[PDB]
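Just one chain follows, in the form deposited in one PDB entry, and it is written as structure tokens.
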């Protein structure tokens, strides 16, 4: 269950999630857009899912993409703040899961976000240990998909 995946997050993992988010989460617009653009560059097959955002090749200049990217970072902000209370993390995760379930996004496709996250983390010098930590949080969402 989602609760099982959440309840597994250990103190060391939560520590790595928090320390890396302190940095990346401090520039939500910059790092959020970078995440989305990286996803489109490495997984061109997903572009079709974001037709509402218009021309995503426009990057920062695209207001719809910018608004979406900033908002996405707050979803992660939400997750990070709920880490110490699995019950709350679970209810917020299931809420966002519905958003993607309605767009027919499978657990497998959602995991495509791990590659981009790893690259963004790297640009700030956060290594594999940190990428692995974020992979675990993403798995919580996957458990709901």
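Numbering follows the first chain given and starts at 1.
Missing here is the form solved in complex with a small molecule; even so, the following discussion is about that form.
A.B. asks: All three of 9, 13 and 89 touching the small molecule in the bound PDB entry at 4.5 Å, heavy atom to heavy atom?
C.D. replies: No residue of the spot touches the small molecule in the bound PDB entry.
A.B. asks: Answer with yes or no whether residue 83 is in contact with the small molecule in the bound PDB entry, where contact means some heavy atom within 4.5 Å.
C.D. replies: No - in the bound PDB entry, heavy atoms of residue 83 and the small molecule never come within 4.5 Å of each other.
A.B. asks: For residue 31, is any heavy atom within 4.5 Å of the small molecule in the bound PDB entry, or not?
C.D. replies: Close contact exists here: in the bound PDB entry, residue 31 approaches the small molecule to within 4.5 Å, heavy atoms only.
A.B. asks: Test of understanding: in the bound PDB entry, would residue 121 fall inside 4.5 Å of the small molecule by heavy atoms?
C.D. replies: Residue 121: contacts the small molecule in the bound PDB entry.
A.B. asks: I'd like to know whether residue 76 contacts the small molecule in the bound PDB entry, with contact meaning heavy atoms within 4.5 angstroms.
C.D. replies: Answer yes; at least one heavy atom of residue 76 falls within 4.5 Å of the small molecule in the bound PDB entry.
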